[PDB]
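What follows is the content of protein_32.cif (mmCIF, C-alpha atoms).
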```cif
data_my_file
#
loop_
_atom_site.label_atom_id
_atom_site.label_comp_id
_atom_site.auth_asym_id
_atom_site.auth_seq_id
_atom_site.Cartn_x
_atom_site.Cartn_y
_atom_site.Cartn_z
CA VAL C 153 77.11 114.62 81.84
CA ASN C 154 79.57 112.06 80.57
CA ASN C 155 82.07 114.90 80.94
CA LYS C 156 80.47 115.81 84.24
CA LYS C 157 80.87 112.11 85.06
CA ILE C 158 84.49 111.97 83.89
CA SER C 159 85.08 115.42 85.40
CA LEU C 160 83.53 114.25 88.67
CA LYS C 161 85.76 111.19 88.89
CA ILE C 162 88.68 113.34 87.72
CA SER C 163 88.51 116.04 90.39
CA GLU C 164 87.25 113.44 92.87
CA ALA C 165 90.40 111.43 92.13
CA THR C 166 92.77 114.40 92.40
CA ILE C 167 91.16 115.68 95.60
CA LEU C 168 91.31 112.11 96.90
CA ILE C 169 95.05 112.16 96.15
CA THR C 170 95.74 115.47 97.90
CA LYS C 171 93.48 114.38 100.76
CA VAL C 172 95.64 111.26 101.04
CA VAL C 173 98.75 113.46 101.07
CA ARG C 174 97.63 115.79 103.87
CA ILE C 175 96.25 112.73 105.67
CA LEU C 176 99.76 111.29 105.55
CA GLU C 177 101.42 114.45 106.90
CA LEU C 178 98.96 115.03 109.72
CA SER C 179 99.13 111.30 110.41
CA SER C 180 102.88 111.69 110.87
CA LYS C 181 102.40 114.65 113.19
CA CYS C 182 99.97 112.50 115.17
CA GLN C 183 102.71 109.88 115.34
CA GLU C 184 104.97 112.63 116.70
CA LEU C 185 102.53 114.00 119.29
CA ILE C 186 101.55 110.49 120.41
CA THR C 187 105.06 109.84 121.76
CA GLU C 188 105.02 110.88 125.41
CA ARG C 189 107.63 109.78 127.99
CA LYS C 190 109.97 108.59 125.23
CA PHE C 191 111.86 111.78 124.24
CA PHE C 192 114.26 109.88 121.96
CA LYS C 193 112.59 109.45 118.58
CA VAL C 194 110.86 112.75 119.38
CA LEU C 195 113.46 114.94 117.71
CA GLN C 196 114.35 112.16 115.27
CA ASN C 197 110.96 111.36 113.76
CA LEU C 198 109.48 114.78 114.52
CA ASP C 199 112.41 116.60 112.94
CA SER C 200 112.10 114.16 110.05
CA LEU C 201 108.45 115.22 109.73
CA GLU C 202 109.15 118.97 109.84
CA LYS C 203 111.66 118.38 107.03
CA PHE G 98 80.00 103.04 81.27
CA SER G 99 77.28 102.46 78.63
CA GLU G 100 75.19 105.27 80.06
CA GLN G 101 77.96 107.53 78.71
CA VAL G 102 78.34 105.29 75.66
CA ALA G 103 74.55 105.37 75.43
CA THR G 104 74.92 109.13 75.08
CA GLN G 105 77.44 108.31 72.36
CA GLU G 106 74.94 105.88 70.80
CA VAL G 107 71.71 107.89 70.89
CA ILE G 108 73.40 111.29 70.69
CA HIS G 109 76.10 110.44 68.14
CA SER G 110 74.05 107.99 66.07
CA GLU G 111 70.78 109.94 66.11
CA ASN G 112 72.65 113.24 65.76
CA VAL G 113 74.56 112.08 62.69
CA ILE G 114 71.53 110.29 61.24
CA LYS G 115 68.93 113.00 61.68
CA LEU G 116 71.67 115.54 60.93
CA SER G 117 71.99 114.07 57.44
CA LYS G 118 68.23 113.55 57.06
CA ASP G 119 67.23 116.99 58.36
CA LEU G 120 70.06 118.74 56.52
CA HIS G 121 69.13 116.94 53.29
CA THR G 122 65.50 117.95 53.77
CA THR G 123 66.95 121.41 54.35
CA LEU G 124 68.67 121.05 50.98
CA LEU G 125 65.25 120.34 49.48
CA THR G 126 64.08 123.47 51.29
CA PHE G 127 66.91 125.42 49.65
CA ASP G 128 65.73 123.96 46.34
CA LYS G 129 62.32 125.49 47.03
CA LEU G 130 64.14 128.68 48.09
CA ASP G 131 65.99 129.22 44.83
CA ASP G 132 62.83 128.03 43.06
CA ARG G 133 60.74 130.84 44.54
CA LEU G 134 63.65 133.29 44.16
CA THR G 135 64.05 132.47 40.47
CA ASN G 136 60.30 132.78 39.87
CA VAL G 137 60.41 135.92 42.03
CA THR G 138 63.04 137.91 40.13
CA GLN G 139 61.74 136.37 36.89
CA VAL G 140 58.41 137.91 37.83
CA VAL G 141 60.39 141.06 38.76
CA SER G 142 61.52 141.62 35.20
CA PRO G 143 58.34 143.76 34.80
CA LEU G 144 59.65 145.96 37.62
CA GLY G 145 62.64 147.20 35.63
CA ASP G 146 60.62 146.92 32.41
#
```
Now, as a test, write the supplied structure out as structure tokens.
Amino acid sequence: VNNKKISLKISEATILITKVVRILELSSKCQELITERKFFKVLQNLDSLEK
Amino acid sequence: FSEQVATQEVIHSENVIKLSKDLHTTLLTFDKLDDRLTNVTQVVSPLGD
């Protein structure tokens, strides 16, 4: 239970990291989809995101 | 923290301590074991005899 404790913070930490990663990517796609009636950084930042 | 190190303290300290005490008492048990075995086969000389 000290290894369930350390294991719990371990996999909690790693899943927190990957959750932060996908949060960043979907956050960037939200930054893409937010831009309406601009059409200029659309292909720039959006095509940067899809890269 | 010292819940986990309390498992190190009680579990490691008591495990090592009563490991030596219980295993040494088990060595006294093995002394009684070879005692009764020696008296056993020594009484079992009349079997072959």
The PyMOL selection byres ((chain C) within 9 of (chain G)) on the file shown: which residues, as a ChimeraX atom specification?
/C:153-155,157
Expected axis-aligned box over every listed atom of range 116-131 of chain G, 3 Å added per side, centre plus edges in Å to one decimal, as lines of an AutoDock Vina configuration file:
```
center_x = 67.2
center_y = 121.4
center_z = 52.9
size_x = 15.7
size_y = 21.7
size_z = 22.1
```
Using CA of residue 180 in chain C and CA of residue 192 in chain C as the two end points, give the distance in Å to one decimal.
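Here the two named atoms are 16.0 Å from each other.
Reported to one decimal place, the separation of CA of residue 119 in chain G from CA of residue 133 in chain G is 20.6 Å.
Note that the spacing between CA of residue 176 in chain C and CA of residue 159 in chain C amounts to 25.3 Å.
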Just want the 10 Å neighbourhood of range 181-190 of chain C, counted on all atoms listed in the file, with same-chain residues fewer than 4 positions away dropped. Output as a list in words.
residues 175, 176, 177, 194, 195, 196, 197, 198, 199, 200, 201 and 202 of chain C
